[PDB]
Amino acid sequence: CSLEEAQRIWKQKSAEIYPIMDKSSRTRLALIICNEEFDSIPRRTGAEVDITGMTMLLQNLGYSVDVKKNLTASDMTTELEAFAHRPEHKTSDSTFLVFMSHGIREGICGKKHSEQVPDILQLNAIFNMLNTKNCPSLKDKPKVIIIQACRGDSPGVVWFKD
C-alpha cells in the first residue's frame, strides 16, 4: 500500500474534497459480508482470499474492519442494520461496505437460495439502510459499497468480425 506527501492534492479541486478527519482521534469502521457455504448452490471456493485481501486492504487504509460470513438475506439486513448504529460512525470520515456472494439479476444472494428457495438482498436495500435517514452519523460523508457477486448467468460477451 503506497503512501503520502502530496499536498498537490489539497490544492486541486479542493473544498470539493471530502474533509478528512485527523488520524489520532479516528474510529473508522468497515464491513465485509462474505458468503461461502450455501444450502443448495455451488460452494464459493476461493472466497477466503477475497475476505483476507479486502480486510488487509481496508485495515491498511485506516479502518477497523468487521467480518461476517455465511448469512441469510435476513442476517444481512439485521447485521447491516447494526452496522448503521455503531457509534464509532460519529467519529468517522467515511465507510466501506463490501459484499461477496453468489448473485442474481435483482440482488446479492444469501445462505439458502435456490429457484424454489429464494434468498436475495437487493442493492436497493443496502442503500436504504445506509442513508441519512437510517444511518444519520454518515451524512456529507462518503460510503463505498463493493459488491463481489454475479449479476446473472450470461458470459460477458458479443462476437465481432476481423
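In this text, residue numbers run from 1 along the sequence as written. If you superpose the two forms and keep the largest set of C-alpha atoms that fall within 1.5 Å, you have the rigid core.
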query: Farther-lying stretch by C-alpha RMS in 6 other deposited structures of this protein, rigid core as reference, of 13 to 21 and 137 to 145; finding: 13 to 21
query: Segment of greater CA departure in 6 other deposited structures of this protein, 95 to 103 or 117 to 125, core superposed; finding: 117 to 125
query: Selected stretch [higher average CA B-factor]: 1 to 9 or 153 to 161; finding: 1 to 9
query: Greater mean Cα temperature factor according to the PDB record, 37 to 45 or 89 to 97; finding: 37 to 45
query: Out of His102, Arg26, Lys69, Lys111, residue topping the C-alpha B-factor column of the entry; finding: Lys111
query: Highest recorded Cα temperature factor - choice among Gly107, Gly62, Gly53, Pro118; finding: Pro118
query: Among modelled residues of the same chain, the CA temperature factor third for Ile145; finding: middle
query: Within-chain third of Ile20 by Cα B-factor, per the entry; finding: lowest
query: Third assignment of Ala84 from its chain's C-alpha B-factors; finding: middle
